[PDB]
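Below is one structure, written out as structure tokens; comments come after it.
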Amino acid sequence: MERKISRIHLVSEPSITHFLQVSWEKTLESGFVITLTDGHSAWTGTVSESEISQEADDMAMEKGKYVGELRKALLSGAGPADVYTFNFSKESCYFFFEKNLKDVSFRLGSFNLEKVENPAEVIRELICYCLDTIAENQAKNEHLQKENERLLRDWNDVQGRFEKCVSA
Amino acid sequence: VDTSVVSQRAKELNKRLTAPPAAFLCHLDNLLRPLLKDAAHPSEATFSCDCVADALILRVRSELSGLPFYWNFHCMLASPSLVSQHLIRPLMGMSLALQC
């Protein structure tokens with residue numbers, strides 16, 4: 001099970017950062033669960049494989065590149081030469097993301113979200129995941145730092161002995 | 001073709017594209033001019049032709065930023081004056097110049 005959190009600036013209110021989390025089972029192809037949270041009230045929704053396939057077919061492009069574009073869009077994988085635009089309407093509960101290009105936008109995709117009735121739980125879960133991840137990464141970093149210190153000491157010692165070996 | 005027809009056709013074919021006519025024509029020029037000026041260019045632009053009683057549909061499929069871009073030319077048989085002024089008279093002038 002995989003999850004990715006990204007920051008976004010909705011064009012409707014371009015002054016507050018909203019946080020979008022995408023959770024998928026084994027790959028982005030199978031489907032995913034999208035949760036968009038603004039810190040007070042959040043919206044959640046589910047997208048199945050069938051919707052992705054239909055969107056790809058209508059878009060008139062191969063599935064691989066459509067999945068690549070989705071990954072580069074939602075999963076913060078954008079490179080330098082690409083600017084995207086996300087849109088959300090709360091009154092209609094509609095979400096859609098497009099790709100801007102020199103005054104030419106392309107409606108890459110569109111989902112529908114249904115509000116969650118207790119934002120506290122989802123906010124708490126997201127913060128919990130973030131804290132757990134930082135803890136685990138810190139553990140790994142400290143471990144490999146210790147390993148490198150040990151190995152460097154070993155290398156110093158062995159080369160020091162090699163000098164004498166060659167001299168003799 | 002003028003601007004309104006371009007905008008209508010662009011909305012129809014490219015359902016998910018939303019651009020002003022000026023930008024669309026600029027992109028079409030950037031897509032076509034490289035091929036017309038010189039071949040063997042490393043650009044993705046496939047062409048096809050259909051036929052009807054009189055008309056010809058020239059279909060252009062390409063990609064910009066890797067995303068699809070379709071256009072169709074609905075060409076009707078050219079008027080006698082246009083064919084004359086563009087082929088018959090210039091070719092006669094060319095022949096006379098080469099003879100000189």
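Ordering of the structure tokens sets the chain letters (A, B, ...); residue numbers start at 1 within each chain; ligands are numbered from 1 in the order shown.
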Could you find all residues in chain B that DSSP calls strand (DSSP E or B) from the backbone, and write them as a PyMOL selection string?
chain B and resi 17-18+45-49+56-64+67-75
Write down as number ranges by chain the residues of chain B whose backbone DSSP state falls under helix (DSSP H, G or I).
B: 3-13, 21-37, 80-99
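Separating CA of residue 11 in chain A from CA of residue 129 in chain A is a distance of 27.6 Å.
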Pick from B:16, B:57, B:87, B:64 nearest to residue 96 in chain A, counting only C-alpha atoms:
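Among B:16, B:57, B:87, B:64, it is B:16 that comes nearest to residue 96 in chain A.
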Report as JSON lines: every residue of chain B with an atom at most 6 Å from chain A, its closest pair of atoms, and their distance in Å to one decimal, counting only C-alpha atoms, with rows sorted by chain and ascending residue number.
```
{"residue": "B:16", "atom": "CA", "partner": "A:107", "partner_atom": "CA", "distance": 5.0}
{"residue": "B:17", "atom": "CA", "partner": "A:106", "partner_atom": "CA", "distance": 4.8}
{"residue": "B:18", "atom": "CA", "partner": "A:105", "partner_atom": "CA", "distance": 5.5}
{"residue": "B:19", "atom": "CA", "partner": "A:104", "partner_atom": "CA", "distance": 4.7}
```
Keeping only N, CA and C atoms, write the selected residues to a file as a compact mmCIF listing (two decimals), in the first residue's frame.
```txt
# COMPACT_ATOMS: atom_id res chain seq x y z
N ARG B 16 -10.79 18.57 -24.99
CA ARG B 16 -10.19 19.00 -23.74
C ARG B 16 -9.24 20.18 -23.90
N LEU B 17 -9.07 20.69 -25.12
CA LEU B 17 -8.28 21.89 -25.36
C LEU B 17 -9.16 23.13 -25.24
N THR B 18 -8.65 24.13 -24.53
CA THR B 18 -9.31 25.42 -24.40
C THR B 18 -8.26 26.49 -24.63
N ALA B 19 -8.20 27.02 -25.85
CA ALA B 19 -7.21 28.02 -26.21
C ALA B 19 -7.86 29.07 -27.10
```
Tell me which protein, DNA and RNA residues are within 12 Å of residue 10 in chain B, counting only C-alpha atoms, leaving out same-chain ones fewer than 2 positions away, and put them as a PyMOL selection string.
(chain A and resi 104) or (chain B and resi 3-8+12-25+27-28+69-73)
For the residues selected in the previous step, produce a file with N, CA and C atoms as an mmCIF file, in the first residue's frame.
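Once written, result_24.cif looks like this:
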```
data_model
loop_
_atom_site.group_PDB
_atom_site.id
_atom_site.type_symbol
_atom_site.label_atom_id
_atom_site.label_comp_id
_atom_site.auth_asym_id
_atom_site.auth_seq_id
_atom_site.Cartn_x
_atom_site.Cartn_y
_atom_site.Cartn_z
ATOM 1 N N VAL A 104 -2.604 27.596 -23.469
ATOM 2 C CA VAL A 104 -3.353 26.459 -23.990
ATOM 3 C C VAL A 104 -3.459 25.435 -22.870
ATOM 4 N N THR B 3 -11.402 33.227 -38.206
ATOM 5 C CA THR B 3 -11.155 32.868 -36.812
ATOM 6 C C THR B 3 -12.285 32.029 -36.221
ATOM 7 N N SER B 4 -13.538 32.403 -36.489
ATOM 8 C CA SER B 4 -14.661 31.733 -35.839
ATOM 9 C C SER B 4 -14.709 30.253 -36.198
ATOM 10 N N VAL B 5 -14.487 29.929 -37.472
ATOM 11 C CA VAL B 5 -14.485 28.533 -37.895
ATOM 12 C C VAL B 5 -13.382 27.767 -37.178
ATOM 13 N N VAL B 6 -12.207 28.381 -37.037
ATOM 14 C CA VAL B 6 -11.111 27.714 -36.345
ATOM 15 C C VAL B 6 -11.502 27.415 -34.907
ATOM 16 N N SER B 7 -12.085 28.397 -34.219
ATOM 17 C CA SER B 7 -12.452 28.181 -32.823
ATOM 18 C C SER B 7 -13.490 27.072 -32.697
ATOM 19 N N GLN B 8 -14.499 27.081 -33.570
ATOM 20 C CA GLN B 8 -15.534 26.052 -33.510
ATOM 21 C C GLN B 8 -14.945 24.664 -33.737
ATOM 22 N N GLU B 12 -14.650 21.400 -31.219
ATOM 23 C CA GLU B 12 -15.269 20.121 -31.547
ATOM 24 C C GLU B 12 -14.254 18.991 -31.428
ATOM 25 N N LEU B 13 -13.192 19.041 -32.236
ATOM 26 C CA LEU B 13 -12.245 17.930 -32.288
ATOM 27 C C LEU B 13 -11.497 17.781 -30.969
ATOM 28 N N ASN B 14 -10.735 18.802 -30.586
ATOM 29 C CA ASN B 14 -9.995 18.787 -29.327
ATOM 30 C C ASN B 14 -10.963 19.152 -28.212
ATOM 31 N N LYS B 15 -11.590 18.133 -27.627
ATOM 32 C CA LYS B 15 -12.603 18.383 -26.609
ATOM 33 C C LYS B 15 -11.992 19.003 -25.360
ATOM 34 N N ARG B 16 -10.795 18.574 -24.988
ATOM 35 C CA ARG B 16 -10.188 18.999 -23.738
ATOM 36 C C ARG B 16 -9.241 20.181 -23.904
ATOM 37 N N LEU B 17 -9.066 20.686 -25.121
ATOM 38 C CA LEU B 17 -8.281 21.889 -25.365
ATOM 39 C C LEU B 17 -9.157 23.126 -25.243
ATOM 40 N N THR B 18 -8.651 24.128 -24.533
ATOM 41 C CA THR B 18 -9.315 25.421 -24.399
ATOM 42 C C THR B 18 -8.258 26.494 -24.631
ATOM 43 N N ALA B 19 -8.198 27.017 -25.850
ATOM 44 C CA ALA B 19 -7.215 28.023 -26.209
ATOM 45 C C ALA B 19 -7.863 29.069 -27.100
ATOM 46 N N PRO B 20 -7.333 30.287 -27.119
ATOM 47 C CA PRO B 20 -7.829 31.288 -28.059
ATOM 48 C C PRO B 20 -7.444 30.925 -29.480
ATOM 49 N N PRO B 21 -8.176 31.422 -30.480
ATOM 50 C CA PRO B 21 -7.820 31.089 -31.867
ATOM 51 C C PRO B 21 -6.399 31.469 -32.234
ATOM 52 N N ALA B 22 -5.896 32.591 -31.721
ATOM 53 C CA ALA B 22 -4.543 33.015 -32.064
ATOM 54 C C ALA B 22 -3.519 31.972 -31.636
ATOM 55 N N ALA B 23 -3.636 31.475 -30.404
ATOM 56 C CA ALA B 23 -2.709 30.455 -29.931
ATOM 57 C C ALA B 23 -2.822 29.183 -30.761
ATOM 58 N N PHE B 24 -4.048 28.788 -31.110
ATOM 59 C CA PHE B 24 -4.231 27.578 -31.902
ATOM 60 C C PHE B 24 -3.574 27.708 -33.267
ATOM 61 N N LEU B 25 -3.767 28.845 -33.936
ATOM 62 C CA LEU B 25 -3.144 29.034 -35.241
ATOM 63 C C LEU B 25 -1.628 29.095 -35.121
ATOM 64 N N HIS B 27 0.206 27.484 -32.915
ATOM 65 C CA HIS B 27 0.658 26.109 -32.745
ATOM 66 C C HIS B 27 0.576 25.342 -34.057
ATOM 67 N N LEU B 28 -0.483 25.573 -34.833
ATOM 68 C CA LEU B 28 -0.600 24.914 -36.129
ATOM 69 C C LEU B 28 0.537 25.321 -37.054
ATOM 70 N N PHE B 69 -3.058 16.515 -30.477
ATOM 71 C CA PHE B 69 -3.479 17.736 -31.157
ATOM 72 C C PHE B 69 -3.918 17.340 -32.560
ATOM 73 N N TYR B 70 -5.213 17.465 -32.836
ATOM 74 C CA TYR B 70 -5.796 17.064 -34.106
ATOM 75 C C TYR B 70 -6.263 18.287 -34.881
ATOM 76 N N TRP B 71 -6.140 18.215 -36.203
ATOM 77 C CA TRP B 71 -6.732 19.216 -37.074
ATOM 78 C C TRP B 71 -7.210 18.544 -38.350
ATOM 79 N N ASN B 72 -8.238 19.127 -38.959
ATOM 80 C CA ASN B 72 -8.796 18.637 -40.209
ATOM 81 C C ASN B 72 -8.954 19.804 -41.167
ATOM 82 N N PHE B 73 -8.499 19.626 -42.400
ATOM 83 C CA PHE B 73 -8.705 20.591 -43.469
ATOM 84 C C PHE B 73 -9.793 20.053 -44.385
#
```
To one decimal place, how far is CA of residue 27 in chain A from CA of residue 49 in chain A in Å?
10.6 Å
Distance CA of residue 32 in chain B-CA of residue 56 in chain B, one decimal place?
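If I compute the distance from CA of residue 32 in chain B to CA of residue 56 in chain B, I get 18.1 Å.
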Quick one: everything within 7 Å of residue 38 in chain A, counting only C-alpha atoms, minus sequence neighbours fewer than 2 positions away in the same chain. Send it as a PyMOL selection string.
chain A and resi 18-19+36+40-42
Shell around residue 89 in chain A at 8 Å using only C-alpha atoms, local window under 5 positions removed, as a list in words
residues 12, 94 and 95 of chain A
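Nearest to residue 56 in chain A of all the residues A:151, A:77, A:43, A:110 is A:110, based on only C-alpha atoms.
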